[PDB]
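Text of work.txt, listed as compact mmCIF, C-alpha atoms:
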# COMPACT_ATOMS: atom_id res chain seq x y z
CA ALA A 1 48.47 17.13 -89.84
CA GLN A 2 47.64 14.33 -87.37
CA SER A 3 50.46 13.49 -84.93
CA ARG A 4 50.43 9.77 -85.79
CA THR A 5 54.23 9.62 -85.49
CA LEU A 6 54.04 11.01 -81.94
CA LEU A 7 51.50 8.30 -81.07
CA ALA A 8 53.82 5.67 -82.55
CA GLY A 9 56.50 6.81 -80.09
CA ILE A 10 54.00 6.90 -77.19
CA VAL A 11 52.64 3.43 -78.05
CA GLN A 12 56.23 2.10 -78.17
CA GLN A 13 56.96 3.71 -74.78
CA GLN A 14 54.10 1.78 -73.15
CA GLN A 15 55.46 -1.49 -74.60
CA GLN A 16 58.87 -0.79 -73.02
CA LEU A 17 57.24 -0.10 -69.63
CA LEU A 18 55.34 -3.41 -69.86
CA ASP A 19 58.62 -5.29 -70.46
CA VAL A 20 60.28 -3.76 -67.37
CA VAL A 21 57.20 -4.70 -65.31
CA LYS A 22 57.61 -8.30 -66.49
CA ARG A 23 61.32 -8.22 -65.56
CA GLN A 24 60.35 -7.19 -62.01
CA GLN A 25 58.07 -10.25 -61.79
CA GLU A 26 60.92 -12.65 -62.66
CA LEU A 27 63.26 -10.81 -60.26
CA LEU A 28 60.65 -11.10 -57.50
CA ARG A 29 60.55 -14.89 -58.00
CA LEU A 30 64.33 -15.07 -57.46
CA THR A 31 63.99 -13.14 -54.18
CA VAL A 32 61.20 -15.46 -53.01
CA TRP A 33 63.48 -18.47 -53.59
CA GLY A 34 66.15 -16.93 -51.33
CA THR A 35 63.65 -16.67 -48.46
CA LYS A 36 62.52 -20.28 -48.97
CA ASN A 37 66.17 -21.36 -49.37
CA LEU A 38 67.06 -19.85 -45.99
CA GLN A 39 64.33 -21.98 -44.38
CA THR A 40 65.92 -25.13 -45.85
CA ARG A 41 69.26 -24.25 -44.22
CA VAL A 42 67.38 -23.56 -40.97
CA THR A 43 65.69 -27.00 -41.08
CA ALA A 44 69.12 -28.68 -41.36
CA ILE A 45 70.23 -26.74 -38.27
CA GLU A 46 67.10 -27.89 -36.41
CA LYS A 47 68.16 -31.54 -36.89
CA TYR A 48 71.64 -30.70 -35.56
CA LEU A 49 70.19 -28.66 -32.67
CA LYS A 50 68.22 -31.74 -31.55
CA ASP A 51 71.54 -33.65 -31.52
CA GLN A 52 73.05 -31.04 -29.16
CA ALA A 53 70.25 -31.79 -26.67
CA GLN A 54 71.35 -35.45 -26.88
CA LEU A 55 74.89 -34.38 -25.90
CA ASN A 56 74.77 -34.13 -22.07
CA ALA A 57 77.60 -35.92 -20.21
CA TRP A 58 80.02 -38.60 -21.52
CA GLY A 59 81.75 -40.87 -18.98
CA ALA A 60 80.29 -38.72 -16.19
CA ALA A 61 80.12 -41.97 -14.18
CA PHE A 62 83.08 -44.32 -13.47
CA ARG A 63 81.77 -45.53 -10.11
CA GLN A 64 78.16 -46.24 -11.13
CA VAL A 65 76.50 -48.48 -13.77
CA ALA A 66 74.30 -45.72 -15.23
CA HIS A 67 74.53 -42.95 -17.86
CA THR A 68 72.74 -39.57 -17.60
CA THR A 69 71.03 -38.74 -20.92
CA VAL A 70 69.11 -35.43 -21.14
CA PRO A 71 67.76 -34.81 -24.70
CA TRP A 72 65.77 -31.67 -23.78
CA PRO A 73 64.10 -30.14 -26.90
CA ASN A 74 66.34 -27.54 -28.62
CA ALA A 75 64.80 -26.33 -31.88
CA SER A 76 61.17 -25.22 -31.45
CA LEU A 77 59.45 -26.77 -34.46
CA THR A 78 56.34 -25.00 -35.80
CA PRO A 79 53.60 -27.58 -36.71
CA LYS A 80 50.34 -25.55 -36.93
CA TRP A 81 50.71 -21.95 -35.64
CA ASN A 82 53.63 -20.78 -37.84
CA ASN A 83 53.18 -23.45 -40.53
CA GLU A 84 49.47 -22.59 -41.01
CA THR A 85 50.24 -18.85 -41.13
CA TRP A 86 53.00 -19.44 -43.72
CA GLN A 87 50.52 -21.25 -45.98
CA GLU A 88 48.27 -18.18 -45.85
CA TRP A 89 51.28 -16.06 -46.90
CA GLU A 90 52.00 -18.30 -49.91
CA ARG A 91 48.32 -18.28 -50.91
CA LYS A 92 48.22 -14.46 -50.94
CA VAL A 93 51.19 -14.40 -53.33
CA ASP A 94 49.39 -16.91 -55.57
CA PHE A 95 46.24 -14.74 -55.81
CA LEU A 96 48.29 -11.61 -56.54
CA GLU A 97 50.54 -13.55 -58.93
CA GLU A 98 47.52 -14.83 -60.91
CA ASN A 99 46.03 -11.32 -61.12
CA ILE A 100 49.34 -9.89 -62.37
CA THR A 101 49.57 -12.54 -65.11
CA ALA A 102 45.94 -11.90 -66.11
CA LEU A 103 46.50 -8.13 -66.45
CA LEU A 104 49.74 -8.72 -68.39
CA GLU A 105 47.91 -11.02 -70.82
CA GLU A 106 45.18 -8.40 -71.31
CA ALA A 107 47.80 -5.64 -71.63
CA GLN A 108 49.66 -7.61 -74.32
CA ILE A 109 46.45 -8.21 -76.30
CA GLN A 110 45.37 -4.56 -75.91
CA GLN A 111 48.93 -3.33 -76.62
CA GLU A 112 49.05 -5.24 -79.93
CA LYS A 113 45.54 -4.06 -80.86
CA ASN A 114 46.53 -0.41 -80.29
CA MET A 115 49.56 -0.80 -82.56
CA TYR A 116 47.43 -2.70 -85.09
CA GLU A 117 44.83 0.10 -85.26
CA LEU A 118 47.66 2.64 -85.60
CA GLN A 119 49.04 0.78 -88.65
CA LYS A 120 45.62 0.87 -90.36
CA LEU A 121 45.54 4.66 -89.94
CA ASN A 122 48.87 4.92 -91.83
CA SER A 123 49.42 1.43 -93.32
CA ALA B 1 41.40 21.26 -82.91
CA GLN B 2 44.21 18.78 -82.16
CA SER B 3 44.17 17.37 -78.61
CA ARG B 4 47.79 18.33 -77.92
CA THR B 5 46.91 19.24 -74.31
CA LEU B 6 45.47 15.74 -73.76
CA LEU B 7 48.72 14.24 -75.09
CA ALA B 8 50.70 16.47 -72.72
CA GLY B 9 48.78 14.92 -69.82
CA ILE B 10 49.23 11.39 -71.22
CA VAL B 11 52.98 11.93 -71.82
CA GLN B 12 53.31 13.22 -68.23
CA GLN B 13 51.42 10.16 -66.94
CA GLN B 14 53.97 7.81 -68.54
CA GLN B 15 56.81 9.73 -66.87
CA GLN B 16 55.17 9.25 -63.45
CA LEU B 17 54.79 5.50 -64.08
CA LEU B 18 58.49 5.27 -65.00
CA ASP B 19 59.45 6.95 -61.70
CA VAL B 20 57.41 4.45 -59.64
CA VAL B 21 59.04 1.59 -61.56
CA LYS B 22 62.45 2.99 -60.59
CA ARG B 23 61.34 3.25 -56.93
CA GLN B 24 60.46 -0.47 -56.99
CA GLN B 25 64.00 -1.25 -58.20
CA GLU B 26 65.59 0.55 -55.23
CA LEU B 27 63.10 -1.07 -52.83
CA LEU B 28 63.96 -4.49 -54.29
CA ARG B 29 67.65 -3.89 -53.53
CA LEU B 30 66.80 -3.23 -49.86
CA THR B 31 64.88 -6.53 -49.68
CA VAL B 32 67.81 -8.41 -51.25
CA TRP B 33 70.13 -7.04 -48.55
CA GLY B 34 67.84 -8.42 -45.82
CA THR B 35 68.13 -11.93 -47.29
CA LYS B 36 71.93 -11.64 -47.51
CA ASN B 37 72.01 -10.07 -44.02
CA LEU B 38 70.18 -13.08 -42.56
CA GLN B 39 72.89 -15.36 -43.99
CA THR B 40 75.56 -13.34 -42.16
CA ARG B 41 73.76 -13.89 -38.84
CA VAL B 42 73.46 -17.59 -39.72
CA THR B 43 77.22 -17.86 -40.39
CA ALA B 44 77.93 -16.46 -36.90
CA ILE B 45 75.64 -19.15 -35.44
CA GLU B 46 77.50 -21.83 -37.42
CA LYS B 47 80.74 -20.89 -35.63
CA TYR B 48 78.96 -21.12 -32.27
CA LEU B 49 77.25 -24.40 -33.25
CA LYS B 50 80.69 -25.93 -33.88
CA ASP B 51 81.65 -24.86 -30.33
CA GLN B 52 78.63 -26.74 -28.92
CA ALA B 53 79.99 -29.94 -30.50
CA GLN B 54 83.23 -29.25 -28.59
CA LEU B 55 81.21 -29.13 -25.34
CA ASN B 56 80.85 -32.82 -24.33
CA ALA B 57 81.74 -33.63 -20.70
CA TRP B 58 83.73 -31.52 -18.18
CA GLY B 59 85.34 -33.31 -15.21
CA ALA B 60 83.54 -36.50 -16.25
CA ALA B 61 86.63 -38.32 -14.93
CA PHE B 62 88.07 -37.98 -11.38
CA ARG B 63 89.45 -41.54 -11.21
CA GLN B 64 91.13 -41.65 -14.64
CA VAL B 65 93.84 -39.56 -16.38
CA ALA B 66 91.84 -38.97 -19.57
CA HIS B 67 89.21 -36.51 -20.91
CA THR B 68 86.43 -37.46 -23.35
CA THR B 69 86.22 -34.87 -26.16
CA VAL B 70 83.55 -35.39 -28.87
CA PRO B 71 83.47 -32.46 -31.36
CA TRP B 72 80.94 -34.07 -33.72
CA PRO B 73 80.04 -31.69 -36.63
CA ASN B 74 77.02 -29.47 -35.80
CA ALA B 75 76.40 -26.90 -38.54
CA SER B 76 76.29 -28.48 -42.01
CA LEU B 77 78.37 -26.09 -44.11
CA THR B 78 77.55 -25.86 -47.83
CA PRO B 79 80.79 -25.73 -49.92
CA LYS B 80 79.71 -26.61 -53.51
CA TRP B 81 76.09 -27.88 -53.73
CA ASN B 82 74.29 -24.93 -52.06
CA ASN B 83 77.09 -22.41 -52.59
CA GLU B 84 77.27 -23.13 -56.35
CA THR B 85 73.47 -22.94 -56.67
CA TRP B 86 73.42 -19.60 -54.80
CA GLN B 87 75.92 -18.14 -57.29
CA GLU B 88 73.55 -19.08 -60.12
CA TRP B 89 70.76 -17.24 -58.26
CA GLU B 90 72.86 -14.07 -57.93
CA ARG B 91 73.87 -14.26 -61.61
CA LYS B 92 70.21 -14.43 -62.72
CA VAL B 93 69.46 -11.24 -60.77
CA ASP B 94 72.46 -9.56 -62.44
CA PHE B 95 71.22 -10.39 -65.97
CA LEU B 96 67.69 -9.21 -65.15
CA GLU B 97 69.05 -6.16 -63.32
CA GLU B 98 71.17 -5.15 -66.34
CA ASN B 99 68.20 -5.57 -68.71
CA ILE B 100 65.99 -3.41 -66.45
CA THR B 101 68.61 -0.63 -66.37
CA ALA B 102 69.00 -0.83 -70.17
CA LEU B 103 65.24 -0.48 -70.77
CA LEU B 104 65.03 2.38 -68.25
CA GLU B 105 67.83 4.23 -70.05
CA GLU B 106 66.06 3.73 -73.40
CA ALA B 107 62.72 4.73 -71.85
CA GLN B 108 64.24 7.95 -70.45
CA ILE B 109 65.76 8.86 -73.83
CA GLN B 110 62.51 8.00 -75.67
CA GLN B 111 60.41 9.72 -72.98
CA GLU B 112 62.36 12.98 -73.37
CA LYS B 113 62.20 12.73 -77.18
CA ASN B 114 58.40 12.34 -77.07
CA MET B 115 58.07 15.45 -74.90
CA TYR B 116 60.57 17.27 -77.12
CA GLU B 117 58.57 16.51 -80.29
CA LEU B 118 55.38 17.60 -78.50
CA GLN B 119 56.95 21.01 -77.68
CA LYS B 120 57.84 21.57 -81.35
CA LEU B 121 54.19 20.99 -82.30
CA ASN B 122 53.15 23.80 -79.92
CA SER B 123 56.42 25.55 -78.94
CA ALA C 1 39.01 12.36 -88.35
CA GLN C 2 40.62 12.62 -84.89
CA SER C 3 41.83 9.28 -83.46
CA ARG C 4 39.91 9.71 -80.19
CA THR C 5 39.10 5.98 -80.11
CA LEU C 6 42.83 5.15 -80.33
CA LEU C 7 43.47 7.48 -77.37
CA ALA C 8 40.69 5.76 -75.43
CA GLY C 9 42.56 2.46 -75.87
CA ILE C 10 45.91 4.08 -74.96
CA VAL C 11 44.42 5.79 -71.87
CA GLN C 12 42.94 2.43 -70.79
CA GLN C 13 46.34 0.74 -71.31
CA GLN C 14 48.00 3.15 -68.86
CA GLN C 15 45.31 2.37 -66.25
CA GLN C 16 46.05 -1.36 -66.57
CA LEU C 17 49.79 -0.73 -66.12
CA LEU C 18 49.07 1.30 -62.97
CA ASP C 19 47.06 -1.61 -61.50
CA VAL C 20 49.92 -4.10 -62.06
CA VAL C 21 52.33 -1.65 -60.41
CA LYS C 22 50.03 -1.57 -57.37
CA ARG C 23 49.92 -5.39 -57.31
CA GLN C 24 53.73 -5.46 -57.15
CA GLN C 25 53.60 -3.18 -54.09
CA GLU C 26 51.30 -5.58 -52.19
CA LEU C 27 53.42 -8.57 -53.30
CA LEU C 28 56.55 -6.79 -52.06
CA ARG C 29 54.97 -6.38 -48.61
CA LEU C 30 54.38 -10.15 -48.43
CA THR C 31 58.06 -10.79 -49.25
CA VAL C 32 59.18 -8.32 -46.56
CA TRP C 33 57.11 -10.22 -43.97
CA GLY C 34 58.92 -13.47 -44.85
CA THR C 35 62.30 -11.84 -44.11
CA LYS C 36 61.03 -10.46 -40.79
CA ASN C 37 59.34 -13.81 -40.04
CA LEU C 38 62.66 -15.64 -40.47
CA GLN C 39 64.20 -13.35 -37.83
CA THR C 40 61.47 -14.34 -35.36
CA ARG C 41 62.33 -18.03 -35.83
CA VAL C 42 66.00 -17.13 -35.40
CA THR C 43 65.30 -15.33 -32.10
CA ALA C 44 63.60 -18.47 -30.74
CA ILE C 45 66.73 -20.46 -31.67
CA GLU C 46 68.91 -17.89 -29.87
CA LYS C 47 67.07 -18.62 -26.60
CA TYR C 48 67.61 -22.36 -27.13
CA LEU C 49 71.27 -21.82 -28.12
CA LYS C 50 71.86 -20.09 -24.77
CA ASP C 51 70.42 -23.21 -23.08
CA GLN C 52 72.97 -25.41 -24.90
CA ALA C 53 75.76 -23.36 -23.31
CA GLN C 54 74.15 -24.19 -19.94
CA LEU C 55 74.42 -27.92 -20.80
CA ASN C 56 78.02 -28.84 -19.85
CA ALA C 57 78.42 -31.98 -17.69
CA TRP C 58 75.74 -33.83 -15.65
CA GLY C 59 76.90 -36.08 -12.79
CA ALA C 60 80.50 -35.52 -13.90
CA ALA C 61 81.37 -35.75 -10.19
CA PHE C 62 80.51 -38.69 -7.87
CA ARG C 63 83.56 -38.28 -5.61
CA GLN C 64 83.37 -34.49 -5.11
CA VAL C 65 80.72 -32.09 -3.73
CA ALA C 66 80.82 -29.70 -6.71
CA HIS C 67 79.21 -29.34 -10.17
CA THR C 68 80.97 -27.84 -13.21
CA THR C 69 78.66 -25.35 -14.96
CA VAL C 70 79.99 -23.59 -18.10
CA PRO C 71 77.30 -21.36 -19.72
CA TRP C 72 79.63 -19.83 -22.34
CA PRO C 73 77.70 -17.45 -24.69
CA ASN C 74 76.33 -19.27 -27.78
CA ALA C 75 74.15 -16.97 -29.87
CA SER C 76 75.85 -13.64 -30.63
CA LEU C 77 73.10 -11.09 -30.02
CA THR C 78 73.26 -7.82 -31.98
CA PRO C 79 72.38 -4.83 -29.71
CA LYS C 80 73.67 -1.73 -31.57
CA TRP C 81 75.86 -2.59 -34.61
CA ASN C 82 73.42 -4.86 -36.52
CA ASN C 83 70.26 -3.58 -34.78
CA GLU C 84 71.08 0.07 -35.60
CA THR C 85 71.92 -0.81 -39.22
CA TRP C 86 68.63 -2.74 -39.57
CA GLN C 87 66.68 0.34 -38.44
CA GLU C 88 68.35 2.33 -41.24
CA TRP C 89 67.23 -0.38 -43.70
CA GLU C 90 63.60 -0.17 -42.52
CA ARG C 91 63.68 3.64 -42.70
CA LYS C 92 64.86 3.57 -46.33
CA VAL C 93 61.90 1.35 -47.25
CA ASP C 94 59.57 3.81 -45.48
CA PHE C 95 60.86 6.80 -47.49
CA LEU C 96 60.61 4.88 -50.77
CA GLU C 97 57.23 3.45 -49.76
CA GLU C 98 55.84 6.93 -49.03
CA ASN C 99 57.12 8.27 -52.37
CA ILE C 100 55.53 5.36 -54.25
CA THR C 101 52.15 5.99 -52.57
CA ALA C 102 52.40 9.72 -53.35
CA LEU C 103 53.10 9.10 -57.06
CA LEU C 104 50.28 6.53 -57.23
CA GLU C 105 47.85 9.04 -55.72
CA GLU C 106 48.94 11.69 -58.24
CA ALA C 107 48.79 9.13 -61.07
CA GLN C 108 45.23 8.15 -60.10
CA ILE C 109 44.10 11.79 -60.01
CA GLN C 110 45.87 12.57 -63.31
CA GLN C 111 44.65 9.29 -64.86
CA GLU C 112 41.00 10.13 -64.06
CA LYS C 113 41.46 13.71 -65.32
CA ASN C 114 42.84 12.45 -68.66
CA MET C 115 39.82 10.15 -69.11
CA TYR C 116 37.51 12.97 -67.99
CA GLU C 117 38.92 15.38 -70.60
CA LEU C 118 38.62 12.64 -73.24
CA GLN C 119 34.90 12.21 -72.46
CA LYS C 120 34.28 15.95 -72.93
CA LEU C 121 35.85 15.75 -76.40
CA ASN C 122 33.31 13.04 -77.36
CA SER C 123 30.72 13.06 -74.54
As a first step, turn the structure in this file into structure tokens.
Amino acid sequence: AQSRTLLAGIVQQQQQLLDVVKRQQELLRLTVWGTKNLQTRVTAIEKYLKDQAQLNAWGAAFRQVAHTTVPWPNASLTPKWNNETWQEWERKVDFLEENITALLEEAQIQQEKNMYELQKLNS
Amino acid sequence: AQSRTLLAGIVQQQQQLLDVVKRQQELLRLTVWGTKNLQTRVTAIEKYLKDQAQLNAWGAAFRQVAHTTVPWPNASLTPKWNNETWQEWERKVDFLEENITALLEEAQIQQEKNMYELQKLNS
Amino acid sequence: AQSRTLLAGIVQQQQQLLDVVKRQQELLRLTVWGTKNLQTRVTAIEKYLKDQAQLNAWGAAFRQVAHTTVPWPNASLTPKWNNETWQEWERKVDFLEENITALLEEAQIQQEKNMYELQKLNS
């Protein structure tokens, strides 16, 4: 009269939830790439923005032997303040990412053991 | 002496976990929009960056009947290399998104069936 | 002959799944910061882009007592259309975030109660 069949359905339900959780992890990685990808496009713009500073006045002198060049900075590059903070952000994801993989590994081992014990009850 | 009540609590717990998983899916969609939204702002800037290239020298000639115009490219537009790669990124999310919805549908059907069988045991 | 030990493994498995779900929430917050962080870099560029509009022609007049200044807008700033829509986006995350925390709190209370009842069965 034991509800072993009910447990078989419940054990299967947990396995399905674990799979969806794993799918979220892969989807999260794709979203992270988009953020990093945007930075790459931004860096290209920074090189072009510096060029705009170089553009100042062409032929602005036809009665003098001099050229006015004013390459005033344009793109504010982050060397330590924003760059250092970004590294901290990436490191936090790494620690959380490692913990998630560890729990998933333990869940998989425990999930298989629960199904294994269930089979012995009604093998 | 069967622990049917305990199972009722366990079955309910799985339902709550499924709901949170669904909430993460909707939250993920909001984050994806932010990434796409940033690109839209960037495209507007690209149109303005091209205009800066047009700006070169105004009135830089009052003793000549000519104007120096130097519209050197400014924003590097991605037509195939980055655009094609981005499409691959969106497609991967679609495949994972479809799989997540499929598992959720199966989980909902299985979740209701588990509760249904439980009611028959003590209906 | 009750499978209380099997239930102990199943109850533990749900607890592990809850922890991974919580890890995803913290990871999601880190991803949200990256999107907001990119906007901050963009705002800095907008101030520099306005400066490029100021750059027009230096010394483009050595036979006239006038200077041609053309500060044509460069960065299109969003005051109500995009800004208002962004607020709606943040609000949606808040509602979903609150619901996720509420379910997690209820799951934790229910999770502990399920383990507590299990101990009484075999305390």
Inset, instruction - Find the residue from B:100, B:45, B:118, B:93 that sits nearest to residue B:21; use all atoms listed in the file when measuring. - result: B:100
Legend entry - Contacts of residue B:37 within 12 Å, only C-alpha atoms, excl. fewer than 2 positions in-chain, as a PyMOL selection string: (chain A and resi 34-35+38) or (chain B and resi 30-35+39-44) or (chain C and resi 35-36+38-39+82-83+85-86+89)
Those residues with C-alpha atoms, as a PDB file, keeping the file's coordinate frame please?
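File again.pdb, as written:
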ATOM      1  CA  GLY A  34      66.150 -16.930 -51.330  1.00  0.00           C
ATOM      2  CA  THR A  35      63.650 -16.670 -48.460  1.00  0.00           C
ATOM      3  CA  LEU A  38      67.060 -19.850 -45.990  1.00  0.00           C
TER       4      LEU A  38
ATOM      5  CA  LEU B  30      66.800  -3.230 -49.860  1.00  0.00           C
ATOM      6  CA  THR B  31      64.880  -6.530 -49.680  1.00  0.00           C
ATOM      7  CA  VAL B  32      67.810  -8.410 -51.250  1.00  0.00           C
ATOM      8  CA  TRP B  33      70.130  -7.040 -48.550  1.00  0.00           C
ATOM      9  CA  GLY B  34      67.840  -8.420 -45.820  1.00  0.00           C
ATOM     10  CA  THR B  35      68.130 -11.930 -47.290  1.00  0.00           C
ATOM     11  CA  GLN B  39      72.890 -15.360 -43.990  1.00  0.00           C
ATOM     12  CA  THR B  40      75.560 -13.340 -42.160  1.00  0.00           C
ATOM     13  CA  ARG B  41      73.760 -13.890 -38.840  1.00  0.00           C
ATOM     14  CA  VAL B  42      73.460 -17.590 -39.720  1.00  0.00           C
ATOM     15  CA  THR B  43      77.220 -17.860 -40.390  1.00  0.00           C
ATOM     16  CA  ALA B  44      77.930 -16.460 -36.900  1.00  0.00           C
TER      17      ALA B  44
ATOM     18  CA  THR C  35      62.300 -11.840 -44.110  1.00  0.00           C
ATOM     19  CA  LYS C  36      61.030 -10.460 -40.790  1.00  0.00           C
ATOM     20  CA  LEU C  38      62.660 -15.640 -40.470  1.00  0.00           C
ATOM     21  CA  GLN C  39      64.200 -13.350 -37.830  1.00  0.00           C
ATOM     22  CA  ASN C  82      73.420  -4.860 -36.520  1.00  0.00           C
ATOM     23  CA  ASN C  83      70.260  -3.580 -34.780  1.00  0.00           C
ATOM     24  CA  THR C  85      71.920  -0.810 -39.220  1.00  0.00           C
ATOM     25  CA  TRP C  86      68.630  -2.740 -39.570  1.00  0.00           C
ATOM     26  CA  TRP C  89      67.230  -0.380 -43.700  1.00  0.00           C
TER      27      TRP C  89
END
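Near chain B, within 6 Å and counting all atoms listed in the file, the residues of chain C are residues 57, 60, 74 and 100 of chain C.
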Inset, instruction - Have a look at atom CA of residue B:95 and atom CA of residue A:108 and let me know their distance in Å, one decimal. - result: 23.3 Å
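In this structure, atom CA of residue C:87 sits 29.9 Å away from atom CA of residue B:78.
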Inset, instruction - Would you mind listing what lies within 8 Å of residue A:11 as an MDAnalysis selection string, with only C-alpha atoms counted and same-chain residues fewer than 5 positions away left out? - result: (chainID A and resid 111 114:115) or (chainID C and resid 10)
Inset, instruction - Just give me the gap between atom CA of residue B:18 and atom CA of residue A:92 in Å, one decimal is fine. - result: 26.3 Å
